[PDB]
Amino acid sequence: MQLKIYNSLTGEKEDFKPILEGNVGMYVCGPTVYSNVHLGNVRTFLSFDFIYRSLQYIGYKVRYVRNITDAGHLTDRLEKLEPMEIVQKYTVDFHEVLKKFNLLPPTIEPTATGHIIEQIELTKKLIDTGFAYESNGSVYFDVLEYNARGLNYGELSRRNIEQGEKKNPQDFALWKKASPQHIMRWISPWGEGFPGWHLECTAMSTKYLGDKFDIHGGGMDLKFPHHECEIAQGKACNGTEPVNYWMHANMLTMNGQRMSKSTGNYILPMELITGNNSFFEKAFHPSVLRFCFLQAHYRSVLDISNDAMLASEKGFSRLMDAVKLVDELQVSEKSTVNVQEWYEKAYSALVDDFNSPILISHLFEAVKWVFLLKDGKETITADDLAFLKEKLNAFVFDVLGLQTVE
């Protein structure tokens, strides 16, 4: 049956209907490469990797854009320190981490510094159209004028709760004047400055996907102000909503507690992989970690603990044992298991807002069958075996993105 996606705009699961048949344009907010990528951000990027893989298995042609914030968003020549040196250091580490977790590369991976010119044009566009105003070298988005025209700022997060350069405190910066402390700067119509965080993603998303595209993803912390500002920028620039489906991935906790460097309940991705940490009793292969992650729904809070990870590992091994045993299973003239029925149960879970936990459970029905088949307690024809092998590898390696561990 057809795919359903939870949409943060409406708070309900919706029939997914693409703007262009057989095609999906998809944008996910990427890392700010001024420090090491956090584990919770890895989960978000892994969740949208799974979603990207699933959209392709279903047969869509998916253009997946995921940006890199290498300029601005500071809220996050040999003797002079170089911002681009830092950017390079954490960009490389970011890609090494994601490669270990077997994430596919996105179709396009634009950088904010790669699109200053496009962002300066959008700022001009919003100034000339009345949605923005220059103030002491910066440019701010006029929230109250945006509202007076009826465009409803806050429709995503559904909130109205809670300096001198701005007409109103809720105005946000599209362009910021560079102070002498700012090394990264660019000439512009308003002096030397650097981009506002939110306008980077609007310039980059619409350039490669259009004024309106199917899916926009990110962590739930981006819902406000970031994604709220992307919506307002897109509606004020193009006169239409930029995104039909807004997807938000949920938090990650450890031992039921929030991940905090200040609390001490903190662990970097590599520390969890290598076991160089005091929360987990061993090292863990990233595919085991990925398996564990996918046992939680991307909109659920994922909690990692030593006992939960060990349980995921035991379940991971059983799955892969069956995967190896399929190539050696014997064949009978009749099948006492219904592979067609299992695949329909597995597939429906997948197109039910990418329900990886339920999908994994249906995979265990096939795992249980493989060990039963091996001991002659069940039988299977050659055609059903070929079908079982194709579907099970496709779910395990292509959709879930798991991989074998020697």
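Residue numbers here begin at 1 and follow the sequence given.
Extent of unmodelled deposited sequence, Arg77 relative to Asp76: The entry has 10 or more unmodelled residues between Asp76 and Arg77.
Per the record, how many residues of the deposited chain fall between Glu328 and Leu329 without being modelled: none, 1 to 3, 4 to 9, or 10 or more? According to the record, the chain runs unbroken from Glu328 to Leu329.
I need to verify one thing: averaged over C-alpha atoms only, is the B-factor higher for 77-85 or for 134-142? Stretch with the greater average CA B-factor: 77-85.
Given the B-factors recorded for C-alpha atoms, which segment has the greater mean, 209-217 or 180-188? Averaging CA B-factors over each stretch, the winner is 180-188.
Reading the B-factor column of the entry, which of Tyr27, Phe48, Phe371, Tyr34 has the highest value at its C-alpha atom? Result of the comparison over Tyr27, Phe48, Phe371, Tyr34: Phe371.
For the CA B factor values reported in this entry, which option in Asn102, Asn250, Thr113, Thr263 has the top one? Comparing C-alpha B-factors across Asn102, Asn250, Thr113, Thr263, the top value belongs to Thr263.
Third of the chain, ranked by Cα B-factor, where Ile161 sits: Within its chain, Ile161 is a highest-third residue by C-alpha B-factor, going by the deposited values.
Quick check on the deposited entry: does the C-alpha B-factor of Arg43 sit in the lowest, middle or highest third of its chain? Its C-alpha B-factor belongs to the middle third of this chain's values.
Sorting the chain's CA B-factors, does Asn276 end up in the lowest, middle or highest third? For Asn276, the deposited C-alpha B-factor lands in the highest third.
Using the B-factor values recorded in the entry, state whether the Cα atom of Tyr153 falls in the lowest, middle or highest third among the modelled residues of its chain. Highest third.
Against its chain's modelled residues, does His297's Cα B factor rank lowest, middle or highest third? Its C-alpha B-factor, which the entry lists for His297, ranks in the middle third among residues of this chain.
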